[PDB]
Amino acid sequence: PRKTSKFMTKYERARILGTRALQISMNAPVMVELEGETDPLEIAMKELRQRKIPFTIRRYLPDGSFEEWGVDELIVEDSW
Amino acid sequence: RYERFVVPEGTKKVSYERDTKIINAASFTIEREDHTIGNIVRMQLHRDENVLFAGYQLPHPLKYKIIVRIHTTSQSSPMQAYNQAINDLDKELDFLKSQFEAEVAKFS
Amino acid sequence: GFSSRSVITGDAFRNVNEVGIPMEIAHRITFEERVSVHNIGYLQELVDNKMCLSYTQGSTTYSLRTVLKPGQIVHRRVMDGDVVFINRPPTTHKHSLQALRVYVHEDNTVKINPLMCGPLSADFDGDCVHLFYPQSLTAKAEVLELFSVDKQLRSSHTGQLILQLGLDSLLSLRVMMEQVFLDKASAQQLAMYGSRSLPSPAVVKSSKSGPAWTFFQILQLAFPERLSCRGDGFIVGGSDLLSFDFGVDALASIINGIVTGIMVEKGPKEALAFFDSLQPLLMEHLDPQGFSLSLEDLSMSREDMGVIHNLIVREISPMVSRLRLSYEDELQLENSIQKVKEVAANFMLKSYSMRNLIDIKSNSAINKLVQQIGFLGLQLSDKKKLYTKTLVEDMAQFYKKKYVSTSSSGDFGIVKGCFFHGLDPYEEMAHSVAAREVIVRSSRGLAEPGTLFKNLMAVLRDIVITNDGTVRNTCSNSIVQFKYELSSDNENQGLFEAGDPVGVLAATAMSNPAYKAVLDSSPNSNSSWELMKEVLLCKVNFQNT
Amino acid sequence: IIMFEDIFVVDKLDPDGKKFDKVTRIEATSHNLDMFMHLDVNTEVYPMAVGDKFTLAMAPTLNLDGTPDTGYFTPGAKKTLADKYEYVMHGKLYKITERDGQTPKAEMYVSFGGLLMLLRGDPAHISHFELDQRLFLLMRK
Amino acid sequence: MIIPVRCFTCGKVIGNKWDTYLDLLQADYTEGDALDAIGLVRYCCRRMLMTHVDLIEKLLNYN
Amino acid sequence: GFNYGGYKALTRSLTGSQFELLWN
Amino acid sequence: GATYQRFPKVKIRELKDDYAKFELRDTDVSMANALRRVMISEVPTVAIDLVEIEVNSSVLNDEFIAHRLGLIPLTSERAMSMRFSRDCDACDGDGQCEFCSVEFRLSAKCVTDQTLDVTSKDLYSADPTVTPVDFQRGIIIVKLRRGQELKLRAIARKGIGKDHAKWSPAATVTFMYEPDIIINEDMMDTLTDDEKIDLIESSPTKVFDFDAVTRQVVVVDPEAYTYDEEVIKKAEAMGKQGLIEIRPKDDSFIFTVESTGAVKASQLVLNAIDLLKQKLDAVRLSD
Amino acid sequence: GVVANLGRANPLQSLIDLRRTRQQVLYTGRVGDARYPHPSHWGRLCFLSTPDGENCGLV
Amino acid sequence: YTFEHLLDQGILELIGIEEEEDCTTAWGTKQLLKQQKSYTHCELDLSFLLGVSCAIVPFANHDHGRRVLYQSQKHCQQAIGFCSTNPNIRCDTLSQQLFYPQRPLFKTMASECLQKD
Amino acid sequence: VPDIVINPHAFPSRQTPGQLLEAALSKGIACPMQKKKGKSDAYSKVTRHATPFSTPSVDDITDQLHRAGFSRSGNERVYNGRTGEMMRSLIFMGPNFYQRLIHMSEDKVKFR
RNA sequence: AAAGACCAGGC
Ligand SMILES: [Mg+2]
Ligand SMILES: [Zn+2]
Ligand SMILES: [Zn+2]
């Protein structure tokens, strides 16, 4: 989808990880494997790192319009 | 409550660990010691000839624990150099004690 | 959920993002967890070891101060590895909300790394901080994701780093630079602290001594693997410090260039790992040497003091009885006394301890040493001071009265003595008026920044970068700006993104230098705050001032 | 087996000076084979004057028989290495840029742990040196 | 209140030396000579006796 | 200006709600 | 089959009870520092650890009295042979018990109208081996006026100076490097003798002196040197560089040992050597 | 600002609480040279010691 | 001496603020008085120009004025030292006291004249 | 050994040089006079006043330190406590009168 | 309860 940034912002990253960890705390099945981890936030971080997370976002423009998007389509890949 | 001074827990007094990146190299972790043992063991290992690295470190200055790292050549091994340093330190202390007892008996 | 107030102390040997918490605090604050799969055994271990304080299944809060089924709330006590967020009480501390990782100790204070003093603008002379403890899981995600130290590493007021090498670290680097070589024992002792391996010696064999490393090989022991970058005064290649040019006037900027090289190409935490390996190495380097200062450092010679007094009684005192009788536009006084102060600083930087304990290029910190070693300078004047002119005339008549031993041998507003040799009673009274005026200006005068920040936040609160990129108000939905930066677009990400509250960042970046200027209350920092008020506080109605 | 040797004579000390307190930089031409050189050297363990005689070698290994090199110089049974020299360094070649400006001169850049050295000269000698190769600075009077 | 048993810095026993120091002061000695004759060599030990304030006598009257 | 005379003038002249998550 | 051993040499210059001065050479500074650190913080003594107070009518409170009682030195020659109270199974603490505990008692009451001193000569042990150290009148504890009373019972145990400074046997143990002084006599002739007096008057202590019987200078007692740079900065201030030079003569030290009297000054050094052997033995590798 | 409490933290606090003098003013924060040393204080009031809060120079 | 005997012989005088404007006073120092006699009075000591917590500070004219203000107005009221000599009849809210209070090694003129510890 | 160690970055910035002059004076008056003259009145000419506005000059304080056997600059050589080596820098030492204030750490701990 | 009044620590 055009006209917006192909990067994910920090405010989307925070809410995606928050809702994913809240889902995992509610007995949801984990889309990846566990290398001996217990914290749900780190499981959600591994899910975001492996891009195995099902969600969709809607970026609202100021004029009323929006842009639908699927969460495995943004660049989250940036080291230093 | 002032009892956790020299007694360790169910751990070993000394624990050996042979690192993977460099060969002929190890790090001995000693519980309930500080600068006193670590400094003389370090300066006795430097007197050895098949020792290329010897160094000691407290992980935190408020902990009663040291870590001693030895890297040797291929003519010896870290455990031999450690034990040779300790035996040499005992024989030096015995020589010192005999000299001091002789001088004290001489002075009267 | 919970909050906590405590006195802070420092600790240089734990990590930058770590905070030490007293046990009396830690065993009475709880964290809440929802028990479910992947944590039945791990939480069962905790409740068996009596580390969970309380419980609620459903809603009826039964205490434990019971086996676990999936679906209730366990309240356990704070342990190692949790996340809190820290704030000194934000009187001026507008952006100091930091997220830190918890370890527990037995003392009564809160321990932080000394690199975190300038991000918090705190010191260890009695300051207290508030720690806050996030309970909800989405709040934990927001705190961990927006306010961590590696996330917040590059500043949003300036373009610089929030972490700078300060007092003891920079002094350790300077003394590591004035002698270049190190023997084997101390080099291997330092190499115990590095994250990398110690290299082969730069000098293998001289006929005089044994092998010897240089300090560049010691400084390279904190780099990550396969680093290769470049800046102004350095070349790093193959995770080796190939080149580092001479200086003490450049050294902090070269270290800042090395860290920005690492944080432009190295990782997710590698600049923090660089600091966490560098700082204890520098402490352990300086510790078997010591650093002190004696009376010899503070005693200017008889010759240089005679030159200072001769330059005063030649140049400064006949002029000051002329151009002070004119009005305010003649600040030639300040330039001429600054020339004499330059002469005094050139004299006093011959002592080896004094040039390492200050910043030489700084001028507010170099006037303070001239006041100690040489003359104090001008103390009384009747231009833009908070006292009147009748006080100045009374002090000039009193100067005629008390120095009955050859009155008018100088001026009444110039103090010729130093702090190290002691003031006269008249010079003490003249200095005490100037000190009292600075103290009153710093305490009573903190209401115009307080008003300015309120009126700045009242208008700049709701200005956001929008999803299409235009900087817009949100209560009126009007365009304030078409682009925030000049190279921001949807191919190149930048320092600022959509959703950023740029109005609050502008208001705080405007309020910080105002508070700093009034809290200093120097003449330069008074004139700057005047020049700032003459722009920020214009009036739409004509006042014909 | 070495890769270079030449007797050098210093032209001057300190082309700028004002640097670290126990380092001297020597700028030198060569006597026998046409070469240009300027180097950082320690002053207290090896004082060096103007108008000297010294020769320089560029071996990549100390051992006269064996090829590998791991470890410091703790002498003993295998002291049979090149001990013909009083001052040795160990560093890295980091820039082997080819000039073609006064093409008889071709420059080369090495660094011994922060101590720099530039060596110009003919293209017929700086070829077996290659980029990112460890080198030594065997040097005697 | 009373003289401390040991010097604060080094740990030398000084607690049996107060009345001797007062007796030497009463026979017209200087403070330096009264400390020289009593065996105190380090200045840390000398500042324990030069600076002690003997509050036990005032506490004994006011009950 | 950033005072009352400027503030009442404009007042007289005149993240949250940025995105939404849902299942897919 | 290798050996890399040292051979230290000891020469005692003055030895008495509670004092020892001796020079030690041909070892490293790490070994001298180990002996110093162990003598300060590792050699055990016996000191009062529990105080149980029955009557206190004095104008001092109980923590003041207990802290004063904790710091009185007792005679401790048994301390290497008895055991810590964390290790003794033959008792419960709480009384007299050999290998771990000594009981003391004290009782005093003023009946005259003069002020009664209560010293450390009023503490009576139930063991005639562990008594307070004899130095005078004894160490003052409290003073009473009339009708006041002190009555208590104490338990003295074994410990080390790393735990509390009341168990340390050393009022001060220190060493110093032995100096090596050279004076270049070919540059000493260049100075007139008032300039020589001006040079010698820069030294704080009495290391150099002037013998006008040959009109020269001489280094006499080169161990009063304190390694400040005063004479060297004076000769560098006159321009006459390199006239004198001082280097610390390596592997040679001078130890000074003072004890509180709980143990003798030779026994402190010998127990330091024994404890340092005992912790070198417990660190070994089994293999 | 007439009657104060006597402090007994040490005897010096009680000593200096009994030797104070005050210029009471209407709105604290707009005074003239009341907060400053005048040369007629010489020998009779201390020109070095004073509070630093609102009562700076007035006490 | 007594103070009354020195007043009754005219060696000392009590002087107010307005009369002191007609006075040439030597600065305390007898070396200012006796090197030149164009004076009518002389001070007893210059350090008596300061208050009781400021005159006892060593080298107090060698420090910056904000620091002397910090010491003599704030920090000396908060120090823990002597409290009282009859604590059995003092029911204060808080009372603190050192175990062994000491006096300084130096001797100012005010501390030699008041004779208080 | 010291009782209190303070940082040398506190002195060039706070403008309190008198703290160095008090410590150099106090050290001169608690030390024994070594009697290089060997006369009776070795402790007669001892300077101990430091009265404000009539302080002693620094030549008197340094001459008092020199008669006691110390360097005039006020610093002295010290050995490192953890390793035993002679430290390269000389250290300023001396007695200062310190005060323990009523603000204590265990009274500032609060939790809501 | 609520306000006055005081003091202290910061800004
Ligand atoms: Mg502060
Ligand atoms: Zn002592
Ligand atoms: Zn028992």
Side-chain angles (χ1 to χ4, degrees), chain C residues 4-9 86-97 108-110 117-131 438-454 456-457 507-522 525-526 529, chain H residues 1-10 12-14 16-18 20 22 24-29 49-56 58-59, chain I residues 53 66-67 69-80 92-96, chain J residues 99-110:
Chain C
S4 175
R5 185 181 168 89
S6 182
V7 175
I8 52 166
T9 46
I86 198 177
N87 194 24
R88 202 161 181 260
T91 58
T92 312
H93 311 87
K94 308 303 173 227
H95 201 308
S96 307
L97 195 150
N108 266 318
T109 48
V110 163
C117 285
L120 264 52
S121 72
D123 55 344
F124 311 137
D125 66 338
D127 297 15
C128 296
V129 298
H130 297 173
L131 293 168
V438 170
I439 287 157
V440 167
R441 185 184 287 276
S442 308
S443 66
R444 317 300 281 171
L446 278 185
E448 320 161 284
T451 294
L452 182 63
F453 182 76
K454 280 187 287 181
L456 217 52
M457 284 295 291
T508 51
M510 276 314 143
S511 72
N512 272 31
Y515 270 103
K516 175 158 169 313
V518 184
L519 275 186
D520 194 289
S521 293
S522 182
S525 79
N526 281 319
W529 169 233
Chain H
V2 170
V3 165
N5 259 302
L6 184 69
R8 296 263 209 211
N10 46 49
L12 182 56
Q13 166 169 342
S14 296
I16 72 176
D17 277 5
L18 279 148
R20 289 180 289 169
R22 185 187 214 92
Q24 292 177 335
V25 293
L26 275 66
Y27 175 77
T28 187
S49 65
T50 185
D52 55 350
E54 50 168 1
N55 298 331
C56 180
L58 291 188
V59 175
Chain I
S53 62
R66 190 196 288 267
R67 303 290 165 194
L69 195 150
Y70 284 169
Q71 166 52 215
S72 76
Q73 188 69 34
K74 320 178 99 171
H75 294 159
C76 63
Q77 295 185 218
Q78 290 160 195
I80 296 173
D92 307 343
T93 286
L94 184 57
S95 298
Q96 322 211 56
Chain J
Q99 309 169 111
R100 181 189 183 177
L101 307 180
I102 58 181
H103 300 294
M104 287 171 196
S105 196
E106 51 268 56
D107 295 313
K108 310 296 186 68
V109 165
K110 281 206 57 196

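Excluded from the calculations below are hydrogen atoms, water molecules and symmetry mates; all remaining heavy atoms, backbone and side chain alike, are included. Chain A is the first sequence line, chain B the second, and so forth, proteins listed ahead of strands; every chain is numbered from 1.
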Derivation and outcome, salt bridge (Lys or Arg N to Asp or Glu O under 4.0 Å), residues C/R88 and C/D127: CA-CA 8 Å; C/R88 202 161 181 260; C/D127 297 15; 3.2 Å; yes
Distance test, side-chain N/O of [X] to OP1/OP2 of [N], below 4.0 Å:
X	N	answer
H/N55	K/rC7	yes
C/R88	K/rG10	no
I/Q77	K/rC7	no

[X] has an atom [atom1]; how far is it from atom [atom2] of [N], in whole Å?
X	N	atom1	atom2	result
H/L6	K/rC6	CG	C1'	15 Å
C/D123	K/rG9	CG	P	15 Å
C/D127	K/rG9	CG	P	13 Å
I/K74	K/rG10	NZ	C1'	9 Å
C/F124	K/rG9	CZ	P	21 Å
J/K110	K/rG9	NZ	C1'	15 Å
J/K108	K/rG9	NZ	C1'	8 Å
H/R22	K/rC6	CZ	P	8 Å

Touch class at under 4.0 angstrom, heavy-atom based, for H/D17 against every strand present: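 Result for H/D17 = nothing.
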Residue H/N5 excluded, over 12 heavy atoms near CG under 6.0 Å: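 No, not enclosed.
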5' priority, RNA chain K, between H/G1 and C/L446 [closest heavy atom]: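 Looking at the nearest nucleotide for each, H/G1 comes out on the 5' side.
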Taking atom [atom1] of [X] and atom [atom2] of [Y], what is their separation to the nearest 0.5 Å?
X	Y	atom1	atom2	answer
C/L452	C/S511	CG	OG	7.5 Å
C/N512	C/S121	CG	OG	8.5 Å
C/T508	C/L456	OG1	CG	9.0 Å

Closest to the H/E54 side chain, choosing from K/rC11, K/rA8, K/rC7: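 My answer, after comparing the listed nucleotides, is K/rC7.
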